[PDB]
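Data file: input.cif. Format and content: mmCIF, N, CA and C atoms.
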```cif
data_model
#
loop_
_atom_site.group_PDB
_atom_site.id
_atom_site.type_symbol
_atom_site.label_atom_id
_atom_site.label_comp_id
_atom_site.auth_asym_id
_atom_site.auth_seq_id
_atom_site.Cartn_x
_atom_site.Cartn_y
_atom_site.Cartn_z
ATOM 1 N N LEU A 1 -5.538 0.915 -2.763
ATOM 2 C CA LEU A 1 -6.215 1.485 -1.539
ATOM 3 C C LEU A 1 -6.580 2.869 -1.906
ATOM 4 N N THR A 2 -7.634 3.362 -1.243
ATOM 5 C CA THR A 2 -8.100 4.731 -1.343
ATOM 6 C C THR A 2 -7.875 5.380 0.076
ATOM 7 N N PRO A 3 -7.857 6.718 0.118
ATOM 8 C CA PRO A 3 -7.757 7.377 1.400
ATOM 9 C C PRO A 3 -8.886 6.945 2.327
ATOM 10 N N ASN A 4 -10.067 6.655 1.783
ATOM 11 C CA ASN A 4 -11.184 6.188 2.650
ATOM 12 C C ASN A 4 -10.884 4.874 3.276
ATOM 13 N N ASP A 5 -10.142 4.027 2.584
ATOM 14 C CA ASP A 5 -9.751 2.751 3.192
ATOM 15 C C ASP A 5 -8.797 2.902 4.394
ATOM 16 N N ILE A 6 -7.974 3.951 4.367
ATOM 17 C CA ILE A 6 -7.067 4.237 5.474
ATOM 18 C C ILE A 6 -7.749 4.917 6.601
ATOM 19 N N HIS A 7 -8.751 5.784 6.322
ATOM 20 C CA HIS A 7 -9.450 6.608 7.324
ATOM 21 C C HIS A 7 -10.180 5.772 8.363
ATOM 22 N N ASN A 8 -9.811 6.097 9.617
ATOM 23 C CA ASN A 8 -10.398 5.384 10.738
ATOM 24 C C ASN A 8 -10.292 3.832 10.682
ATOM 25 N N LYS A 9 -9.198 3.361 10.076
ATOM 26 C CA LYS A 9 -8.944 1.926 9.928
ATOM 27 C C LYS A 9 -8.630 1.405 11.300
ATOM 28 N N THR A 10 -9.200 0.301 11.639
ATOM 29 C CA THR A 10 -8.875 -0.399 12.940
ATOM 30 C C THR A 10 -8.472 -1.840 12.699
ATOM 31 N N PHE A 11 -7.962 -2.466 13.749
ATOM 32 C CA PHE A 11 -7.356 -3.820 13.650
ATOM 33 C C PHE A 11 -7.819 -4.599 14.873
ATOM 34 N N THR A 12 -7.611 -5.926 14.835
ATOM 35 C CA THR A 12 -8.006 -6.775 15.935
ATOM 36 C C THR A 12 -7.290 -6.382 17.208
ATOM 37 N N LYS A 13 -7.914 -6.400 18.345
ATOM 38 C CA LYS A 13 -7.278 -6.124 19.613
ATOM 39 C C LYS A 13 -6.238 -7.251 19.973
ATOM 40 N N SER A 14 -5.141 -6.846 20.573
ATOM 41 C CA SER A 14 -4.108 -7.828 20.985
ATOM 42 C C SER A 14 -3.380 -7.310 22.174
ATOM 43 N N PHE A 15 -3.095 -8.236 23.114
ATOM 44 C CA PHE A 15 -2.283 -7.918 24.237
ATOM 45 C C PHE A 15 -0.830 -7.721 23.827
ATOM 46 N N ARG A 16 -0.221 -6.608 24.265
ATOM 47 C CA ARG A 16 1.114 -6.175 23.825
ATOM 48 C C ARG A 16 1.153 -5.858 22.341
ATOM 49 N N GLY A 17 -0.070 -5.525 21.770
ATOM 50 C CA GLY A 17 -0.104 -5.049 20.354
ATOM 51 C C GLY A 17 0.452 -3.586 20.285
ATOM 52 N N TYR A 18 0.494 -3.142 19.020
ATOM 53 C CA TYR A 18 0.927 -1.750 18.852
ATOM 54 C C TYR A 18 -0.010 -0.711 19.462
ATOM 55 N N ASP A 19 0.530 0.297 20.053
ATOM 56 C CA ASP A 19 -0.315 1.305 20.670
ATOM 57 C C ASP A 19 -1.365 1.926 19.723
ATOM 58 N N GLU A 20 -2.619 1.870 20.179
ATOM 59 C CA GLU A 20 -3.701 2.330 19.290
ATOM 60 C C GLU A 20 -3.605 3.802 18.912
ATOM 61 N N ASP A 21 -3.287 4.651 19.857
ATOM 62 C CA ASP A 21 -3.269 6.044 19.488
ATOM 63 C C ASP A 21 -2.117 6.358 18.664
ATOM 64 N N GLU A 22 -0.934 5.694 18.817
ATOM 65 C CA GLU A 22 0.178 6.002 17.978
ATOM 66 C C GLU A 22 -0.099 5.486 16.561
ATOM 67 N N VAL A 23 -0.702 4.318 16.374
ATOM 68 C CA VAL A 23 -1.040 3.805 15.029
ATOM 69 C C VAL A 23 -2.121 4.757 14.373
ATOM 70 N N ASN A 24 -3.104 5.144 15.173
ATOM 71 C CA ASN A 24 -4.142 6.032 14.541
ATOM 72 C C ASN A 24 -3.508 7.384 14.170
ATOM 73 N N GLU A 25 -2.633 7.908 14.946
ATOM 74 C CA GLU A 25 -1.923 9.162 14.563
ATOM 75 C C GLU A 25 -1.155 8.979 13.296
ATOM 76 N N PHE A 26 -0.413 7.854 13.181
ATOM 77 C CA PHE A 26 0.331 7.651 12.006
ATOM 78 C C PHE A 26 -0.545 7.460 10.771
ATOM 79 N N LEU A 27 -1.662 6.744 10.893
ATOM 80 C CA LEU A 27 -2.536 6.580 9.732
ATOM 81 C C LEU A 27 -3.142 7.962 9.346
ATOM 82 N N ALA A 28 -3.299 8.900 10.234
ATOM 83 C CA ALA A 28 -3.783 10.221 9.766
ATOM 84 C C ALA A 28 -2.677 10.817 8.931
ATOM 85 N N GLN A 29 -1.389 10.681 9.203
ATOM 86 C CA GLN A 29 -0.351 11.206 8.390
ATOM 87 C C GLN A 29 -0.326 10.491 7.059
ATOM 88 N N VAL A 30 -0.406 9.148 6.998
ATOM 89 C CA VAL A 30 -0.420 8.372 5.774
ATOM 90 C C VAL A 30 -1.623 8.815 4.896
ATOM 91 N N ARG A 31 -2.809 8.926 5.476
ATOM 92 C CA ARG A 31 -4.010 9.314 4.688
ATOM 93 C C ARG A 31 -3.693 10.681 4.062
ATOM 94 N N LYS A 32 -3.234 11.652 4.803
ATOM 95 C CA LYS A 32 -2.972 13.017 4.286
ATOM 96 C C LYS A 32 -2.027 12.919 3.152
ATOM 97 N N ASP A 33 -0.888 12.236 3.280
ATOM 98 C CA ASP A 33 0.136 12.269 2.214
ATOM 99 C C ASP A 33 -0.329 11.439 1.005
ATOM 100 N N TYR A 34 -1.071 10.371 1.173
ATOM 101 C CA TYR A 34 -1.619 9.627 0.047
ATOM 102 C C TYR A 34 -2.630 10.468 -0.670
ATOM 103 N N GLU A 35 -3.462 11.215 0.025
ATOM 104 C CA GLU A 35 -4.436 12.044 -0.717
ATOM 105 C C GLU A 35 -3.678 13.142 -1.449
ATOM 106 N N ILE A 36 -2.594 13.719 -0.961
ATOM 107 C CA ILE A 36 -1.790 14.783 -1.627
ATOM 108 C C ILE A 36 -1.327 14.232 -2.954
ATOM 109 N N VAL A 37 -0.777 13.059 -3.049
ATOM 110 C CA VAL A 37 -0.278 12.518 -4.333
ATOM 111 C C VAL A 37 -1.423 12.194 -5.264
ATOM 112 N N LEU A 38 -2.525 11.687 -4.756
ATOM 113 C CA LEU A 38 -3.639 11.328 -5.634
ATOM 114 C C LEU A 38 -4.186 12.636 -6.196
ATOM 115 N N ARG A 39 -4.313 13.716 -5.458
ATOM 116 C CA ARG A 39 -4.810 15.002 -5.940
ATOM 117 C C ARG A 39 -3.833 15.581 -6.994
ATOM 118 N N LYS A 40 -2.543 15.480 -6.780
ATOM 119 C CA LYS A 40 -1.582 15.930 -7.788
ATOM 120 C C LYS A 40 -1.722 15.128 -9.039
ATOM 121 N N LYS A 41 -1.869 13.837 -8.988
ATOM 122 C CA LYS A 41 -1.996 12.970 -10.150
ATOM 123 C C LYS A 41 -3.219 13.414 -10.959
ATOM 124 N N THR A 42 -4.344 13.681 -10.299
ATOM 125 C CA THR A 42 -5.611 14.138 -10.945
ATOM 126 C C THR A 42 -5.327 15.428 -11.666
ATOM 127 N N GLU A 43 -4.529 16.275 -11.075
ATOM 128 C CA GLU A 43 -4.270 17.625 -11.605
ATOM 129 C C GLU A 43 -3.466 17.475 -12.856
ATOM 130 N N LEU A 44 -2.462 16.614 -12.842
ATOM 131 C CA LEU A 44 -1.532 16.443 -13.945
ATOM 132 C C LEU A 44 -2.205 15.742 -15.086
ATOM 133 N N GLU A 45 -3.139 14.822 -14.812
ATOM 134 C CA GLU A 45 -3.953 14.179 -15.887
ATOM 135 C C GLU A 45 -4.718 15.204 -16.623
ATOM 136 N N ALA A 46 -5.332 16.110 -15.903
ATOM 137 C CA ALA A 46 -6.128 17.137 -16.559
ATOM 138 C C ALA A 46 -5.270 18.069 -17.399
ATOM 139 N N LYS A 47 -4.060 18.371 -16.942
ATOM 140 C CA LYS A 47 -3.158 19.206 -17.736
ATOM 141 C C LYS A 47 -2.738 18.459 -19.000
ATOM 142 N N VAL A 48 -2.430 17.177 -18.868
ATOM 143 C CA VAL A 48 -2.144 16.368 -20.046
ATOM 144 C C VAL A 48 -3.293 16.551 -21.030
ATOM 145 N N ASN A 49 -4.527 16.345 -20.571
ATOM 146 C CA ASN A 49 -5.680 16.442 -21.464
ATOM 147 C C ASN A 49 -5.755 17.791 -22.149
ATOM 148 N N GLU A 50 -5.792 18.850 -21.348
ATOM 149 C CA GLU A 50 -5.763 20.214 -21.900
ATOM 150 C C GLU A 50 -4.436 20.591 -22.584
ATOM 151 N N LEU B 1 5.655 11.930 4.021
ATOM 152 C CA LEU B 1 6.283 10.585 4.223
ATOM 153 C C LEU B 1 6.818 10.065 2.923
ATOM 154 N N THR B 2 7.894 9.283 2.993
ATOM 155 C CA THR B 2 8.263 8.476 1.879
ATOM 156 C C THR B 2 7.718 7.040 2.049
ATOM 157 N N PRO B 3 7.724 6.209 0.980
ATOM 158 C CA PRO B 3 7.277 4.785 1.123
ATOM 159 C C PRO B 3 8.161 4.097 2.151
ATOM 160 N N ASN B 4 9.473 4.342 2.132
ATOM 161 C CA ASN B 4 10.294 3.621 3.101
ATOM 162 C C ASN B 4 10.040 4.065 4.532
ATOM 163 N N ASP B 5 9.653 5.304 4.750
ATOM 164 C CA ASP B 5 9.215 5.721 6.104
ATOM 165 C C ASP B 5 8.075 4.866 6.598
ATOM 166 N N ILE B 6 7.187 4.471 5.696
ATOM 167 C CA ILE B 6 6.029 3.665 6.149
ATOM 168 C C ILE B 6 6.569 2.258 6.599
ATOM 169 N N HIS B 7 7.502 1.658 5.881
ATOM 170 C CA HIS B 7 8.094 0.400 6.319
ATOM 171 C C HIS B 7 8.885 0.527 7.574
ATOM 172 N N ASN B 8 9.547 1.663 7.765
ATOM 173 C CA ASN B 8 10.451 1.821 8.880
ATOM 174 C C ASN B 8 9.768 2.203 10.205
ATOM 175 N N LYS B 9 8.530 2.723 10.191
ATOM 176 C CA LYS B 9 7.877 3.229 11.343
ATOM 177 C C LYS B 9 7.757 2.132 12.435
ATOM 178 N N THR B 10 8.009 2.578 13.634
ATOM 179 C CA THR B 10 7.791 1.688 14.789
ATOM 180 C C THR B 10 6.709 2.287 15.657
ATOM 181 N N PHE B 11 6.155 1.390 16.513
ATOM 182 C CA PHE B 11 5.183 1.783 17.524
ATOM 183 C C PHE B 11 5.515 1.103 18.829
ATOM 184 N N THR B 12 5.266 1.783 19.918
ATOM 185 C CA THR B 12 5.329 1.163 21.242
ATOM 186 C C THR B 12 4.186 0.183 21.389
ATOM 187 N N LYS B 13 4.306 -0.704 22.404
ATOM 188 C CA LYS B 13 3.260 -1.731 22.673
ATOM 189 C C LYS B 13 2.504 -1.339 23.888
ATOM 190 N N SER B 14 1.260 -1.820 23.973
ATOM 191 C CA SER B 14 0.280 -1.515 24.995
ATOM 192 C C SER B 14 -0.457 -2.730 25.484
ATOM 193 N N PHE B 15 -1.125 -2.597 26.628
ATOM 194 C CA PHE B 15 -1.907 -3.706 27.122
ATOM 195 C C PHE B 15 -2.987 -4.112 26.136
ATOM 196 N N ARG B 16 -3.788 -3.103 25.650
ATOM 197 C CA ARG B 16 -4.763 -3.282 24.672
ATOM 198 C C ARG B 16 -4.261 -2.621 23.438
ATOM 199 N N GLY B 17 -3.588 -3.290 22.528
ATOM 200 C CA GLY B 17 -3.087 -2.703 21.327
ATOM 201 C C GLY B 17 -3.684 -3.290 20.087
ATOM 202 N N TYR B 18 -3.138 -2.952 18.951
ATOM 203 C CA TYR B 18 -3.537 -3.520 17.672
ATOM 204 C C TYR B 18 -2.623 -4.724 17.314
ATOM 205 N N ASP B 19 -3.248 -5.729 16.771
ATOM 206 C CA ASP B 19 -2.477 -6.900 16.307
ATOM 207 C C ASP B 19 -1.380 -6.465 15.377
ATOM 208 N N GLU B 20 -0.143 -6.858 15.735
ATOM 209 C CA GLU B 20 1.043 -6.373 14.945
ATOM 210 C C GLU B 20 1.049 -6.900 13.567
ATOM 211 N N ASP B 21 0.671 -8.176 13.418
ATOM 212 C CA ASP B 21 0.703 -8.727 12.037
ATOM 213 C C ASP B 21 -0.248 -8.044 11.099
ATOM 214 N N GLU B 22 -1.452 -7.780 11.643
ATOM 215 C CA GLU B 22 -2.454 -7.052 10.838
ATOM 216 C C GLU B 22 -1.986 -5.614 10.505
ATOM 217 N N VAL B 23 -1.395 -4.967 11.501
ATOM 218 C CA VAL B 23 -0.906 -3.603 11.136
ATOM 219 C C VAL B 23 0.192 -3.625 10.087
ATOM 220 N N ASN B 24 1.127 -4.581 10.307
ATOM 221 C CA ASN B 24 2.293 -4.611 9.376
ATOM 222 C C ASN B 24 1.777 -4.997 7.993
ATOM 223 N N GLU B 25 0.802 -5.904 7.877
ATOM 224 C CA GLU B 25 0.361 -6.318 6.558
ATOM 225 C C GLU B 25 -0.356 -5.139 5.882
ATOM 226 N N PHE B 26 -1.154 -4.370 6.639
ATOM 227 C CA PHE B 26 -1.811 -3.254 6.059
ATOM 228 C C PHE B 26 -0.799 -2.186 5.607
ATOM 229 N N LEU B 27 0.177 -1.894 6.441
ATOM 230 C CA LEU B 27 1.149 -0.862 6.046
ATOM 231 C C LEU B 27 1.989 -1.298 4.868
ATOM 232 N N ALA B 28 2.157 -2.600 4.670
ATOM 233 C CA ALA B 28 2.910 -3.099 3.498
ATOM 234 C C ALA B 28 2.081 -2.846 2.287
ATOM 235 N N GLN B 29 0.784 -2.974 2.350
ATOM 236 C CA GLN B 29 -0.085 -2.689 1.231
ATOM 237 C C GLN B 29 -0.150 -1.217 0.930
ATOM 238 N N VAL B 30 -0.321 -0.377 1.970
ATOM 239 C CA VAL B 30 -0.282 1.079 1.734
ATOM 240 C C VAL B 30 1.068 1.477 1.166
ATOM 241 N N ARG B 31 2.183 0.945 1.614
ATOM 242 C CA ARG B 31 3.520 1.334 1.074
ATOM 243 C C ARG B 31 3.565 1.023 -0.396
ATOM 244 N N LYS B 32 3.135 -0.191 -0.774
ATOM 245 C CA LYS B 32 3.224 -0.551 -2.205
ATOM 246 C C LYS B 32 2.352 0.294 -3.056
ATOM 247 N N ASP B 33 1.156 0.634 -2.621
ATOM 248 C CA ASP B 33 0.196 1.444 -3.376
ATOM 249 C C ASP B 33 0.739 2.847 -3.505
ATOM 250 N N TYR B 34 1.241 3.375 -2.429
ATOM 251 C CA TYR B 34 1.846 4.759 -2.371
ATOM 252 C C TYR B 34 3.032 4.861 -3.326
ATOM 253 N N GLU B 35 3.937 3.871 -3.318
ATOM 254 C CA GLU B 35 5.112 3.945 -4.193
ATOM 255 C C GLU B 35 4.558 3.914 -5.635
ATOM 256 N N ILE B 36 3.503 3.150 -5.961
ATOM 257 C CA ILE B 36 2.954 3.081 -7.387
ATOM 258 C C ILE B 36 2.391 4.418 -7.731
ATOM 259 N N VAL B 37 1.592 5.063 -6.887
ATOM 260 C CA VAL B 37 1.017 6.362 -7.259
ATOM 261 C C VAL B 37 2.099 7.468 -7.392
ATOM 262 N N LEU B 38 3.108 7.482 -6.535
ATOM 263 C CA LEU B 38 4.241 8.364 -6.681
ATOM 264 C C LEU B 38 4.911 8.139 -8.034
ATOM 265 N N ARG B 39 5.111 6.907 -8.455
ATOM 266 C CA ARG B 39 5.730 6.630 -9.784
ATOM 267 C C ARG B 39 4.832 7.191 -10.858
ATOM 268 N N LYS B 40 3.513 6.982 -10.783
ATOM 269 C CA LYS B 40 2.585 7.463 -11.835
ATOM 270 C C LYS B 40 2.605 8.992 -11.893
ATOM 271 N N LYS B 41 2.632 9.659 -10.732
ATOM 272 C CA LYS B 41 2.646 11.068 -10.664
ATOM 273 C C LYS B 41 3.960 11.555 -11.356
ATOM 274 N N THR B 42 5.109 10.946 -11.081
ATOM 275 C CA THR B 42 6.443 11.329 -11.612
ATOM 276 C C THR B 42 6.413 11.192 -13.172
ATOM 277 N N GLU B 43 5.786 10.116 -13.644
ATOM 278 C CA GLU B 43 5.618 9.830 -15.137
ATOM 279 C C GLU B 43 4.759 10.888 -15.754
ATOM 280 N N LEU B 44 3.656 11.259 -15.111
ATOM 281 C CA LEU B 44 2.797 12.328 -15.596
ATOM 282 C C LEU B 44 3.494 13.665 -15.628
ATOM 283 N N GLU B 45 4.367 13.940 -14.674
ATOM 284 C CA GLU B 45 4.968 15.256 -14.638
ATOM 285 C C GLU B 45 5.879 15.355 -15.870
ATOM 286 N N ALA B 46 6.585 14.258 -16.153
ATOM 287 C CA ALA B 46 7.504 14.124 -17.340
ATOM 288 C C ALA B 46 6.752 14.236 -18.633
ATOM 289 N N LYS B 47 5.563 13.637 -18.701
ATOM 290 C CA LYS B 47 4.699 13.785 -19.864
ATOM 291 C C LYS B 47 4.215 15.239 -20.028
ATOM 292 N N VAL B 48 4.048 15.973 -18.915
ATOM 293 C CA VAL B 48 3.735 17.406 -18.907
ATOM 294 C C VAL B 48 4.982 18.286 -19.228
ATOM 295 N N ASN B 49 6.152 17.874 -18.761
ATOM 296 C CA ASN B 49 7.411 18.559 -19.083
ATOM 297 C C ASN B 49 7.744 18.431 -20.571
ATOM 298 N N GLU B 50 7.631 17.210 -21.112
ATOM 299 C CA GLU B 50 7.855 16.918 -22.545
ATOM 300 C C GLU B 50 6.923 17.692 -23.490
#
```

For the file at hand, write its structure as structure tokens.
Amino acid sequence: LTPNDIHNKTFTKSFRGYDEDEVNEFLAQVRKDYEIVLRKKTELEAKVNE
Amino acid sequence: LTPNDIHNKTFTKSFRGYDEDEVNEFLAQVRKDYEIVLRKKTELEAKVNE
């Protein structure tokens, strides 16, 4: 998965499904922390190279 | 977040919510991908430390 795949991700509507705003809030936290690790990995690859 | 935080997260239910199975399956995929990138980042840091 890429951060773009997480961004604004939606799911099928369901009665008594998980609350939409709480799931969308949580996916903003997941997207942020996944992009933090991917950016660090990019940084460390470049240091390896140099 | 840690990968296990993503598995452990709960959400309240709503009249119009998101399908639980679809959310849980997506978060299982993000957890697995996140734990792999964290491992790769940790390996790279060691390759930079060495």

Can you pull out every residue within 7 Å of residue 31 in chain B, counting all atoms listed in the file, but drop anything in the same chain fewer than 5 positions away, and send it as a CSV table (one decimal) with N, CA and C atoms, in the frame of the given file?
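Below is the file around.csv, written as the result:
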```csv
chain,number,residue,atom,x,y,z
B,3,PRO,N,7.7,6.2,1.0
B,3,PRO,CA,7.3,4.8,1.1
B,3,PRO,C,8.2,4.1,2.2
B,4,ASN,N,9.5,4.3,2.1
B,4,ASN,CA,10.3,3.6,3.1
B,4,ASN,C,10.0,4.1,4.5
B,6,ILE,N,7.2,4.5,5.7
B,6,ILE,CA,6.0,3.7,6.1
B,6,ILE,C,6.6,2.3,6.6
B,7,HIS,N,7.5,1.7,5.9
B,7,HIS,CA,8.1,0.4,6.3
B,7,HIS,C,8.9,0.5,7.6
B,26,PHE,N,-1.2,-4.4,6.6
B,26,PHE,CA,-1.8,-3.3,6.1
B,26,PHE,C,-0.8,-2.2,5.6
B,36,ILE,N,3.5,3.2,-6.0
B,36,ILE,CA,3.0,3.1,-7.4
B,36,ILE,C,2.4,4.4,-7.7
```

(Q) Please return, as a list in words, all residues of range 12-43 of chain A that DSSP assigns to alpha helix (DSSP H) on the basis of the backbone. (A) residues 20, 21, 22, 23, 24, 25, 26, 27, 28, 29, 30, 31, 32, 33, 34, 35, 36, 37, 38, 39, 40, 41, 42 and 43 of chain A

Taking only N, CA and C atoms into account, what are the residues of chain A at most 7 Å from chain B, put as a CSV table (one decimal) with N, CA and C atoms, keeping the file's coordinate frame?
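Ended up saving to result.csv:
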```
chain,number,residue,atom,x,y,z
A,1,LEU,N,-5.5,0.9,-2.8
A,1,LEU,CA,-6.2,1.5,-1.5
A,1,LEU,C,-6.6,2.9,-1.9
A,11,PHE,N,-8.0,-2.5,13.7
A,11,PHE,CA,-7.4,-3.8,13.6
A,11,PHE,C,-7.8,-4.6,14.9
A,12,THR,N,-7.6,-5.9,14.8
A,12,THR,CA,-8.0,-6.8,15.9
A,12,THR,C,-7.3,-6.4,17.2
A,13,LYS,N,-7.9,-6.4,18.3
A,13,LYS,CA,-7.3,-6.1,19.6
A,13,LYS,C,-6.2,-7.3,20.0
A,14,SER,N,-5.1,-6.8,20.6
A,14,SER,CA,-4.1,-7.8,21.0
A,14,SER,C,-3.4,-7.3,22.2
A,15,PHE,N,-3.1,-8.2,23.1
A,15,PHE,CA,-2.3,-7.9,24.2
A,15,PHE,C,-0.8,-7.7,23.8
A,16,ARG,N,-0.2,-6.6,24.3
A,16,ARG,CA,1.1,-6.2,23.8
A,16,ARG,C,1.2,-5.9,22.3
A,17,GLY,N,-0.1,-5.5,21.8
A,17,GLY,CA,-0.1,-5.0,20.4
A,17,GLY,C,0.5,-3.6,20.3
A,18,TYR,N,0.5,-3.1,19.0
A,18,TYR,CA,0.9,-1.8,18.9
A,18,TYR,C,0.0,-0.7,19.5
A,19,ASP,N,0.5,0.3,20.1
A,19,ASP,CA,-0.3,1.3,20.7
A,19,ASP,C,-1.4,1.9,19.7
A,20,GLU,N,-2.6,1.9,20.2
A,20,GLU,CA,-3.7,2.3,19.3
A,20,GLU,C,-3.6,3.8,18.9
A,22,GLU,N,-0.9,5.7,18.8
A,22,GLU,CA,0.2,6.0,18.0
A,22,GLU,C,-0.1,5.5,16.6
A,23,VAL,N,-0.7,4.3,16.4
A,23,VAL,CA,-1.0,3.8,15.0
A,23,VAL,C,-2.1,4.8,14.4
A,29,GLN,N,-1.4,10.7,9.2
A,29,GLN,CA,-0.4,11.2,8.4
A,29,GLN,C,-0.3,10.5,7.1
A,33,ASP,N,-0.9,12.2,3.3
A,33,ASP,CA,0.1,12.3,2.2
A,33,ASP,C,-0.3,11.4,1.0
A,34,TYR,N,-1.1,10.4,1.2
A,34,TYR,CA,-1.6,9.6,0.0
A,34,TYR,C,-2.6,10.5,-0.7
A,37,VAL,N,-0.8,13.1,-3.0
A,37,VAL,CA,-0.3,12.5,-4.3
A,37,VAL,C,-1.4,12.2,-5.3
A,38,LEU,N,-2.5,11.7,-4.8
A,38,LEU,CA,-3.6,11.3,-5.6
A,38,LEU,C,-4.2,12.6,-6.2
A,40,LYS,N,-2.5,15.5,-6.8
A,40,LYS,CA,-1.6,15.9,-7.8
A,40,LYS,C,-1.7,15.1,-9.0
A,41,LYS,N,-1.9,13.8,-9.0
A,41,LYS,CA,-2.0,13.0,-10.2
A,41,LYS,C,-3.2,13.4,-11.0
A,44,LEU,N,-2.5,16.6,-12.8
A,44,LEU,CA,-1.5,16.4,-13.9
A,44,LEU,C,-2.2,15.7,-15.1
A,45,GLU,N,-3.1,14.8,-14.8
A,45,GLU,CA,-4.0,14.2,-15.9
A,45,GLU,C,-4.7,15.2,-16.6
A,47,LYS,N,-4.1,18.4,-16.9
A,47,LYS,CA,-3.2,19.2,-17.7
A,47,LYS,C,-2.7,18.5,-19.0
A,48,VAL,N,-2.4,17.2,-18.9
A,48,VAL,CA,-2.1,16.4,-20.0
A,48,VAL,C,-3.3,16.6,-21.0
```

For range 34-49 of chain B, I'd like the enclosing box, axis-aligned and padded by 4 Å on every side, reported as JSON with centre and edge lengths in Å to one decimal.
```
{"center_x": 4.4, "center_y": 10.8, "center_z": -11.5, "size_x": 14.7, "size_y": 23.5, "size_z": 26.2}
```

(Q) Report, in Å with one decimal, the straight-line distance from CA of residue 25 in chain A to atom C of residue 39 in chain B. (A)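 We find that CA of residue 25 in chain A and atom C of residue 39 in chain B lie 26.4 Å from each other.
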
Residues of range 8-48 of chain B in strand (DSSP E or B) according to DSSP, as an mmCIF file with N, CA and C atoms, in the coordinates of the input?
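result.cif, written as the output of this step:
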```cif
data_model
loop_
_atom_site.group_PDB
_atom_site.id
_atom_site.type_symbol
_atom_site.label_atom_id
_atom_site.label_comp_id
_atom_site.auth_asym_id
_atom_site.auth_seq_id
_atom_site.Cartn_x
_atom_site.Cartn_y
_atom_site.Cartn_z
ATOM 1 N N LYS B 13 4.306 -0.704 22.404
ATOM 2 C CA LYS B 13 3.260 -1.731 22.673
ATOM 3 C C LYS B 13 2.504 -1.339 23.888
ATOM 4 N N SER B 14 1.260 -1.820 23.973
ATOM 5 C CA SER B 14 0.280 -1.515 24.995
ATOM 6 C C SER B 14 -0.457 -2.730 25.484
ATOM 7 N N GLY B 17 -3.588 -3.290 22.528
ATOM 8 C CA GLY B 17 -3.087 -2.703 21.327
ATOM 9 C C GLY B 17 -3.684 -3.290 20.087
ATOM 10 N N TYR B 18 -3.138 -2.952 18.951
ATOM 11 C CA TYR B 18 -3.537 -3.520 17.672
ATOM 12 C C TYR B 18 -2.623 -4.724 17.314
#
```

Range 26-37 of chain B from the block above, N, CA and C atoms, as a short mmCIF file (atom, residue, chain, number, x, y, z; two decimals), in the first residue's frame, please?
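In the end it all went to result.cif:
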```cif
data_model
loop_
_atom_site.label_atom_id
_atom_site.label_comp_id
_atom_site.auth_asym_id
_atom_site.auth_seq_id
_atom_site.Cartn_x
_atom_site.Cartn_y
_atom_site.Cartn_z
N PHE B 26 -8.99 -4.16 5.36
CA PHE B 26 -8.08 -3.16 4.94
C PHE B 26 -7.02 -2.88 6.02
N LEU B 27 -7.45 -2.77 7.26
CA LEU B 27 -6.47 -2.48 8.32
C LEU B 27 -5.51 -3.62 8.52
N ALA B 28 -5.90 -4.84 8.19
CA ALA B 28 -4.99 -6.00 8.29
C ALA B 28 -3.95 -5.86 7.23
N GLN B 29 -4.28 -5.37 6.07
CA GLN B 29 -3.32 -5.15 5.01
C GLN B 29 -2.39 -4.01 5.33
N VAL B 30 -2.94 -2.88 5.80
CA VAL B 30 -2.05 -1.77 6.22
C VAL B 30 -1.15 -2.24 7.35
N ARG B 31 -1.60 -3.00 8.32
CA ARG B 31 -0.73 -3.46 9.44
C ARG B 31 0.42 -4.26 8.88
N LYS B 32 0.11 -5.20 7.98
CA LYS B 32 1.21 -6.05 7.46
C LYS B 32 2.20 -5.27 6.67
N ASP B 33 1.77 -4.31 5.87
CA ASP B 33 2.65 -3.49 5.03
C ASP B 33 3.50 -2.61 5.92
N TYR B 34 2.89 -2.01 6.90
CA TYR B 34 3.57 -1.11 7.90
C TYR B 34 4.65 -1.89 8.66
N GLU B 35 4.34 -3.10 9.14
CA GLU B 35 5.33 -3.86 9.90
C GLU B 35 6.48 -4.15 8.92
N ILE B 36 6.24 -4.44 7.63
CA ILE B 36 7.36 -4.76 6.64
C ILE B 36 8.18 -3.53 6.45
N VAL B 37 7.61 -2.35 6.24
CA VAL B 37 8.44 -1.15 6.03
C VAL B 37 9.24 -0.76 7.29
#
```
